[PDB]
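Residue numbers (PDB author numbering), protein chains in the order written: chain L, 123 to 183; chain Q, 4 to 142; chain P, 2 to 81; chain O, 2 to 740; chain N, 458 to 503; chain T, 3 to 44; chain Y, 1 to 31.
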Amino acid sequence: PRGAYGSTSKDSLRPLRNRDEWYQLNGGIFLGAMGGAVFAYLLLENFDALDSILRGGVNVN
Amino acid sequence: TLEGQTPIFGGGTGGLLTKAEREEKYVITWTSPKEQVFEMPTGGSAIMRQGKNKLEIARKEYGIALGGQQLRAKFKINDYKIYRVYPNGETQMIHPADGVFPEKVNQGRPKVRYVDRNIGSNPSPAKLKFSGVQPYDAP
Amino acid sequence: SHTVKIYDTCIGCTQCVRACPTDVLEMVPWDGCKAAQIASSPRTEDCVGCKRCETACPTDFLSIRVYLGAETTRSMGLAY
Amino acid sequence: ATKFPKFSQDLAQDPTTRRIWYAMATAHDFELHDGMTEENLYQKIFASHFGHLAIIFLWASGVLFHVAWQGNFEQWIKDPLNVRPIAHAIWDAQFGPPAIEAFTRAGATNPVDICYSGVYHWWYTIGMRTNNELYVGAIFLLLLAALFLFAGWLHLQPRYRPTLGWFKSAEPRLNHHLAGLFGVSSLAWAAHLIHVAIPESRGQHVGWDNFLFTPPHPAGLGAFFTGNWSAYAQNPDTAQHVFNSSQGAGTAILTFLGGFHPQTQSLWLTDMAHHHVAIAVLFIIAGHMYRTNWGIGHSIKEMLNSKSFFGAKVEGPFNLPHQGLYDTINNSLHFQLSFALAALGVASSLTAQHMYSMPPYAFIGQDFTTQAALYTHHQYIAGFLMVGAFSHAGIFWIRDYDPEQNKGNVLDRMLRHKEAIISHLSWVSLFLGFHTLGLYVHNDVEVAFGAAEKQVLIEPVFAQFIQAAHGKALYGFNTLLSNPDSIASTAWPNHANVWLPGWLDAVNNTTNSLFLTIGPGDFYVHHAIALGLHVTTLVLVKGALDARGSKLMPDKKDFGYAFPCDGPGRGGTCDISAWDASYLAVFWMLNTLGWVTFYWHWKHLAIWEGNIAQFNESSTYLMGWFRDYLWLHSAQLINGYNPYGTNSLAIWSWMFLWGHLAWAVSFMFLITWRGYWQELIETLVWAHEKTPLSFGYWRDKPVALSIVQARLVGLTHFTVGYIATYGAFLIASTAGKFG
Amino acid sequence: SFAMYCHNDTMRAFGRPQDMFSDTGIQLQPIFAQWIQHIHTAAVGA
Amino acid sequence: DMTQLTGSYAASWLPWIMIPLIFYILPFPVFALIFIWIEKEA
Amino acid sequence: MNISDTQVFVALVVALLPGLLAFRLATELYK
Ligand code: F6C
Ligand code: CLA
Ligand code: CLA
Ligand code: CLA
Ligand code: CLA
Ligand code: CLA
Ligand code: CLA
Ligand SMILES: CC1=C(/C=C/C(C)=C/C=C/C(C)=C/C=C/C=C(C)/C=C/C=C(C)/C=C/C2=C(C)CCCC2(C)C)C(C)(C)CCC1
Ligand code: SF4
Ligand SMILES: [Ca+2]
């Protein structure tokens with residue numbers, strides 16, 4: 123590879139020197155991004171229930 | 004390698020653990036005049052064979068207890084030896100260290116950790132502040 | 002490891018060596034007592050600190066002293 | 002080995018869970034750290050003290066901020082006698098609607114806690130009126146804590162690390178801490194009372210915006226420099242003065258009236274200003290006693306080493322050899338810490354004994370729960386400080402005392418008759434215990450058998466005489482201040498008893514706690530307190546004096562302050578170290594302070610009820626304490642929640658049981674000992690190794706807690722349960738029956 | 458056994474009796490002991 | 003109303019988020035930090 | 001009349017100064 127990802131490059135800030143590492147990183151990135159987006163979406167979609175939760179309003183009944 | 008036949012034992016829960024395979028293990032070997040029943044150091048009874056035996060034990064105190072209080076005191080067996088076995092395979096014989104039992108004085112043994120005074124003359128800790136020397140280690 | 006020291010009041014009765022459950026002590030030639038022998042502690046790495054040796058010592062005060070120190074696997078008496 | 006702990010390779014090489022436990026226990030024992038020098042010891046301590054000071058300032062900032070943010074300080078100003086001060090808001094998401102309603106009170110629209118620390122009364126007396134003033138104080142303390150945090154870092158940089166000689170210079174430190182830290186601070190506080198607090202108590206606002214051009218007295222500073230100091234005492238606050246208003250308000254800034262302000266039932270603000278003025282002068286004078294750099298001044302080393310009394314040959318002060326002591330204190334940080342802890346312990350006891358009897362804050366004497374909380378808080382802290390004074394005294398004997406440099410001096414003499422000291426302390430404890438308990442159970446049997454007239458009821462005549470000598474005419478004695486014709490009351494040469502009319506009014510007032518009437522029930526409990534004081538002293542003194550050694554362990558000094566035992570030999574040596582004596586003494590300190598706070602609380606409960614006769618007739622036998630104090634006053638506490646609902650006492654109910662639970666857990670650590678648990682842990686170690694799907698494995702081998710660690714952990718649960726159980730009962734039994 | 462008592466104390470203190478382990482909340486009926494009582498009563502004909 | 007946790011004080015939404023953060027959100031990451039600190043090899 | 005939203009936010013920002021200095025002192029004492 124050209125530049126910082128060549129064999130002789132000593133770039134300590136760019137340590138993923140293998141293609142397989144990059145593909146595994148990409149798979150993790152996609153799955154984690156989808157999971158985090160869905161987690162935020164679920165928290166926001168249930169914001170009324172979660173706001174009652176964090177104020178103790180679910181303990182009326 | 005350590006030679007000898009393991010005593011007849013059906014298995015127990017007080018045997019070796021991960022420490023035997025990871026850090027160290029101990030082996031006690033002895034010769035008996037006959038087949039007889041002895042007590043395993045960690046519970047249960049085992050049958051020592053007619054010839055020479057070999058028992059694997061988790062701690063050195065097990066060998067001293069078995070050899071000292073059972074083999075010597077009860078079965079009149081005085082030729083037991085304790086080895087320390089490391090995971091790499093290195094084996095060293097540790098008891099009796101020089102072939103003579105420690106309670107019997109043997110020539111050539113040096114004095115180790117001997118203090119040339121009575122215990123009441125140890126210096127006060129205030130004299131040895133910030134020096135790192137304990138009162139019992141003071142000259 | 003624990004530290005085991007032997008002082009000059011030892012009378013060479015061999016009782017501390019016999020009482021040791023891990024063979025830390027042995028008896029060595031000496032001339033300071035009638036028995037012509039004194040206790041030694043060459044194997045303090047195997048000392049557990051039970052202080053059985055101090056219990057067996059007949060002199061007053063003790064001719065053998067155990068000072069509990071850094072704890073290791075074998076000093077803690079751990080089979081695991 | 003592990004990096005943690007950085008200060009001990011012996012612990013860092015420990016392969017068991019004991020390594021983590023002991024790292025936290027010995028982290029602040031700087032002297033035992035690897036490669037620790039004396040100079041590095043003092044420098045690390047000096048920076049540590051900066052951190053502790055910053056923590057105190059942050060703590061005070063948090064108290065101010067939460068009151069200004071969520072409290073009701075401004076509402077409480079308008080009616081201090083009927084408005085409940087608010088500590089902070091409650092945000093517990095597990096609350097139900099009944100709990101939310103129960104804790105929504107004191108005029109708030111959200112759940113809140115009721116402040117019982119007295120900070121509302123304190124800030125009100127010192128002239129704070131608005132939440133913005135509290136907020137500015139909170140912000141100021143944040144910056145002050147930042148200043149001390151930076152100072153600690155600065156004095157660790159290589160150029161600013163003080164030398165060991167700087168730390169050892171005792172005379173300049175005493176001069177600056179007496180004249181400056183005690184004197185100038187007292188003078189500055191008196192300035193705050195004169196310039197701010199007193200004008201604010203008269204309806205006049207004085208702040209940073211107008212204090213430069215608003216004189217505190219009409220005579221100005223001219224009266225001070227011309228010698229006309231009496232102008233400051235003219236026209237004091239009238240007996241009809243209304244606090245925080247100009248109605249009936251005088252102009253004097255330094256009076257010496259004595260007694261209490263008739264409305265607030267607290268000490269006069271102008272009296273407190275003159276108090277800190279006179280205290281400042283005395284301490285500034287005291288700060289010039291020792292020589293630093295100009296020849297004049299005493300040398301403490303010379304005074305201790307002196308052997309001539311105006312020519313006559315003497316052993317020393319009071320004909321007692323004090324030589325060699327200067328180096329003993331100056332080289333022993335534990336000796337210095339022992340005096341500092343003892344002085345703070347006595348000061349904390351004096352705070353508790355004097356704040357309830359002479360309330361210094363407006364209307365704080367009428368906040369019954371606050372009064373009980375403050376007295377119990379400062380007495381228990383005093384007991385802990387007293388234990389620490391003797392604990393570090395025992396540490397001094399082992400670590401810092403050497404017989405050679407103290408040969409023949411007064412410190413060596415004490416060690417040479419320790420048996421006489423310990424045996425006589427044992428006799429006093431036995432005499433007090435046998436007769437105090439014996440008289441209780443004698444009264445128990447008589448009252449139980451319907452013969453309450455057959456009780457032994459010794460009158461506390463000696464203490465009653467002291468109260469009469471202070472002006473209490475209730476007992477009918479006619480001595481000293483209770484006798485108007487006595488030379489003490491008249492002060493015949495000068496008649497300068499301008500304090501006496503105010504003092505006598507407060508003394509003979511039946512609505513305050515100034516010299517509460519005492520009878521036979523008070524006689525017995527003080528002898529219970531004397532028993533507790535002497536036994537706790539006996540345990541602590543015996544541990545300190547036997548720290549070097551005893552017949553059972555002649556060489557105890559070579560083993561350190563805290564070791565488990567010396568084995569089962571020689572009969573057995575459990576709890577033989579000096580640390581163990583401090584461990585045992587905490588049990589007696591808790592018991593003694595229990596008797597002290599039980600007595601204070603029950604006596605004040607009877608007075609506040611209007612049922613003083615209950616205490617007078619029931620405190621003479623132990624069943625009266627158990628029935629009319631414990632059982633009787635627990636009723637409303639244990640009904641904070643029940644099958645019918647919850648009220649505001651539900652927290653004190655839950656914490657009451659929480660303290661009992663922590664107390665019970667301590668018994669496990671204290672009764673069961675290590676070898677039982679080590680064998681059990683070994684069995685669990687086997688189970689884990691043989692169970693599939695349990696991929697976890699210990700990096701540190703699980704071991705039972707050490708012998709010493711068990712005593713400490715058990716003592717901690719015992720103490721925490723002790724404080725939590727009584728604190729919940731103290732708050733609930735007083736706040737449930739009053740404001 | 459015991460930590461559910463602590464659960465009950467906290468629920469009752471919170472003013473949440475419906476979350477308690479009780480006959481009126483989360484019920485824990487000893488059905489096997491109740492069954493034995495019914496069997497032993499019906500054995501004699503009662 | 004007294005059926006929910008509320009606050010009449012300024013920024014009453016602060017306890018709404020700070021109580022979860024300090025008590026059951028951050029403490030486990032904090033324990034993880036300390037655990038890594040006390041287990042690091044020399 | 002208790003403090004306002006701005007005052008609470010100002011106190012939070014101001015508290016960062018002792019917060020960072022506490023970290024500096026703690027790490028310095030660790031040396
Ligand atoms: C790590 C890993 C591990 C593992 C895996 O891997 C395990 C496993 C086992 C098995 C085998 C068994 C069964 C289980 C049960 O049931 O029980 C438990 C429970 C639980 C729950 C446990 C727990 C589990 C795990 C831990 C999980 C974790 C997760 C989390 C969430 C984390 C979190 C984190 C954050 C940061 C906080 C057991 C047991 C026992 N343990 Mg055992 N573990 C361990 C850990 C631990 C520690 C630390 C300690 C101390 C505390 C102990 C303790 C104990 C005791 C006492 C006992 C008993 O008894 C038991 C037995 O033996 O039988 C028989 N052990 N274990
Ligand atoms: C499942 C049980 C449970 C749990 C987990 C909580 C959790 C909580 N409650 Mg709570 N509560 C409960 C049951 C429970 N409650 C019940 C049954 C009641 C009665 C109905 C209450 C009544 C109640 C009130 C009235 C209040 C709380 C508060 C709180 C919060 C503060 C944390 C705490 O209590 O101390 C946890 C303690 C610590 C984390 C310790 C901090 C670390 C310091 C440095 C220790 C220092 C020790 C100290 C110096 C030595 C002692 C000093 C002492 C003598 C003064 C927290 C959200 C308070 C709140 O709203 O907080 C914002 C509050 O005001 N609760
Ligand atoms: C200003 C006061 C002061 C100072 C500077 C010291 C300083 C010291 N003491 Mg000391 N002490 C004091 C007051 C003080 N003490 C008091 C009042 C008592 C009586 C209770 C004691 C009783 C005492 C004993 C019995 C021992 C010491 C020891 C020590 C030294 C080592 C500290 C240690 O073990 O690591 C730090 C230790 C800890 C952090 C202990 C953990 C906390 C304990 C268990 C309390 C439980 C926490 C509780 C639940 C909540 C508290 C609030 C939380 C934030 C911690 C150190 C020089 C030890 C020593 O010198 O060994 C030879 C020792 O054995 N002290
Ligand atoms: C209710 C609990 C209780 C009681 C009554 C005692 C009693 C005593 N403790 Mg003690 N202690 C306790 C709990 C208790 N402790 C706990 C929990 C601890 C923590 C471990 C300690 C730690 C401790 C230490 C460290 C020390 C004491 C000391 C003392 C003695 C000093 C008081 C004294 O002489 O009074 C007089 C004696 C008594 C009141 C005891 C009762 C006497 C009985 C009632 C006489 C009855 C005679 C009768 C014929 C008996 C019937 C026959 C029967 C044998 C079958 C005394 C024997 C000190 C000591 O021994 O100094 C002399 C001491 O150094 N104790
Ligand atoms: C029903 C009445 C009653 C009872 C049952 C007791 C019971 C007891 N008293 Mg007691 N006492 C009482 C009334 C009573 N007292 C009265 C009215 C007084 C006068 C105020 C005293 C004054 C008193 C003192 C001064 C002492 C006791 C002691 C004792 C205990 C041992 C007494 C004994 O003979 O041991 C058997 C006797 C011996 C083993 C040796 C003799 C001990 C005596 C008391 C001292 C020698 C007498 C001599 C004149 C020196 C006096 C010293 C004194 C001036 C300080 C015992 C628990 C002693 C105690 O608690 O010890 C710890 C103790 O020293 N009592
Ligand atoms: C730890 C708890 C504790 C302690 C130690 C005390 C201790 C004391 N309380 Mg007390 N008290 C407590 C808790 C406690 N209390 C509680 C919880 C309450 C409930 C609120 C009370 C309520 C209370 C009241 C209401 C009174 C006391 C009083 C007293 C004192 C009695 C004085 C006396 O009779 O001596 C008698 C001594 C003499 C008559 C002296 C005789 C001559 C001697 C021998 C001197 C001889 C000349 C001398 C050598 C020369 C001087 C030399 C000098 C310069 C060195 C005493 C100091 C009384 C007191 O005086 O308070 C100030 C008092 O009226 N207490
Ligand atoms: C030491 C002082 C102190 C103490 C004990 C408390 C206590 C409390 N605060 Mg608080 N607070 C303080 C100062 C303090 N405050 C200051 C100075 C500010 C302004 C920045 C705030 C701002 C604040 C907000 C905005 C909120 C609280 C809340 C709370 C409660 C829940 C805990 C929480 O969420 O923390 C939150 C803490 C912060 C946002 C910052 C705290 C900053 C202080 C100075 C840190 C102190 C660190 C301490 C000294 C080091 C301990 C050392 C260790 C050995 C013990 C609790 C009653 C919550 C509440 O009211 O619930 C009902 C809440 O939402 N606090
Ligand atoms: C530097 C710093 C800082 C900052 C910080 C930050 C920037 C933070 C952030 C943070 C964040 C931003 C975080 C986040 C997180 C996240 C998470 C935690 C997530 C989770 C998720 C999940 C759990 C998911 C799940 C899932 C999946 C996976 C699939 C299916 C679905 C679900 C949803 C289930 C500050 C200034 C403060 C201070 C100073 C320092
Ligand atoms: S028991 Fe004591 S006297 Fe006997 S040999 Fe050992 S050290 Fe010497
Ligand atoms: Ca619900």
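Note that CB positions come from ideal geometry on N, CA and C, so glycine has one too.
The secondary-structure analysis by DSSP pairs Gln8(Q) across a beta bridge with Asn56(Q). Those residues of the stretch 80–94 of chain O placed with their C-beta closer than 9 angstroms to a C-beta in chain T are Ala90, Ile91, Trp92, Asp93, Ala94, ordered along the chain.
Under the DSSP definition of a beta bridge, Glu42(Q) partners with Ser48(Q).
Here the distance from the Cβ of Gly434(O) to the nearest heavy atom of ligand 4 is below 7 angstroms.
Within chain N, no C-beta atom comes less than 8 angstroms from the C-beta of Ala109(O); the nearest is roughly 18 angstroms away. Shown in chain order are the members of the stretch 458–472 of chain N whose Cβ falls below 9 angstroms from a Cβ of chain O: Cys463, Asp466, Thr467, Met468, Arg469, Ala470, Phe471, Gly472. Restricting attention to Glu447(O), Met359(O), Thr647(O), the CA atom closest to the CA of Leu517(O) is found in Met359(O). Using a cutoff of 7 angstroms, the CB of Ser458(N) does not count as near ligand 1, since none of the ligand's heavy atoms is closer than that.
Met624(O) is not bridged by DSSP to any residue. Distance from the C-beta of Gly158(L) to the nearest heavy atom of ligand 8 is below 7 angstroms. For the C-beta of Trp60(O), not a single chain Y residue is nearer than 9 angstroms; the gap to the nearest is close to 12 angstroms.
In the three-state reduction of the DSSP assignment, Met96(Q) falls in the strand class, which pools E and B. Counting only residues of its own chain and dropping the five nearest sequence neighbours on each side, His535(O) has a CB closer than 7 angstroms to the CB of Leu426, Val429, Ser430, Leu433. When Cβ-Cβ separations below 8 angstroms define contact, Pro90(Q) makes no contact with chain P.
When Cβ-Cβ separations below 8 angstroms define contact, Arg75(Q) makes no contact with chain P.
Between the alpha carbons of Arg85(O) and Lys4(O) lies a distance of about 52 angstroms. DSSP, reduced to helix, strand and coil, places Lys557(O) within a helical segment of the structure shown. Not flagged as an interface residue toward chain Q: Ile12(P), since no C-beta distance is shorter than 8 angstroms.
Legend: CB atoms of the stretch 12–32 of chain P lying less than 9 angstroms from CB atoms of chain O are not found in any residue.
Judged by DSSP in its simplified three-state form, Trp295(O) adopts coil rather than helix or strand. Listed by position along chain N, the residues whose Cβ is nearer than 7 angstroms to that of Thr647(O) are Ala470, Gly472. Taking a contact to require three or more Cβ pairs closer than 8 angstroms, the stretch 471–488 of chain N and the stretch 385–402 of chain O do not qualify as touching. By the rule that beta-carbons nearer than 8 angstroms mark a contact, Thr60(P) does not touch chain O. With respect to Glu42(Q), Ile50(Q) sits apart: the two C-beta atoms are not nearer than 8 angstroms. Chain Q places a beta carbon closer than 8 angstroms to that of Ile399(O), counting this residue as a contact.
Taking a beta-carbon distance threshold of 8 angstroms, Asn168(L) does not count as an interface residue toward chain O. Taking CB atoms only, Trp655(O) has a neighbour in chain N less than 8 angstroms away.
Taking C-alpha positions only, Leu662(O) is separated from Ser458(N) by approximately 15 angstroms.
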